[PDB]
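Peer 1: The structure that follows is given in the form of structure tokens.
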Amino acid sequence: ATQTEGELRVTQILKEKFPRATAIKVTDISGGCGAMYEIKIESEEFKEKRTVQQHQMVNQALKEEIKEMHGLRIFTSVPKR
């Protein structure tokens with residue numbers, strides 16, 4: 001495994017776009033570019049949303065800092081238990 005300074009950045013804005021979250025983590029999976037990342041979220045706000053609609057919220061959270069969500073592998077859910 002490795003990190004970018006982008007992994008940290010993306011994790012920073014994710015905390016704030018998702019303070020209602022029960023899961024939050026990021027991984028750089030692009031050790032020689034930092035074009036791909038893993039992102040894993042779960043949050044009480046994701047109730048009124050499809051998979052694609054959950055993803056869109058997490059995509060916008062770092063878009064405006066790094067745009068490259070072709071490479072970004074995202075995982076979302078809602079705590080509903």
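By convention in this document, the chains of the structure tokens carry letters A, B, ... by their order, each chain's residues are numbered from 1, and ligands are numbered from 1 in the order they are shown.
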Please list as a PyMOL selection string every residue within 10 Å of range 29-43 of chain A, counting only C-alpha atoms and excluding residues in the same chain fewer than 2 positions away.
Peer 2: chain A and resi 1-7+10-11+14-15+18-27+45-47+54-55+58-59+66-80
Peer 1: When DSSP is applied to the backbone of this structure, which of chain A are assigned strand (DSSP E or B)? Write them out as a list in words.
Peer 2: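 So the strand (DSSP E or B) residues in chain A would be residues 2, 21, 22, 23, 24, 25, 26, 27, 28, 37, 38, 39, 40, 41, 42, 43, 72, 73, 74 and 75 of chain A.
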Peer 1: Taking the backbone alone, and naming residues the way the document does, which bits of chain A are helix (DSSP H, G or I) by DSSP, as a VMD selection string?
Peer 2: chain A and resid 5 to 17 44 to 48 51 to 63
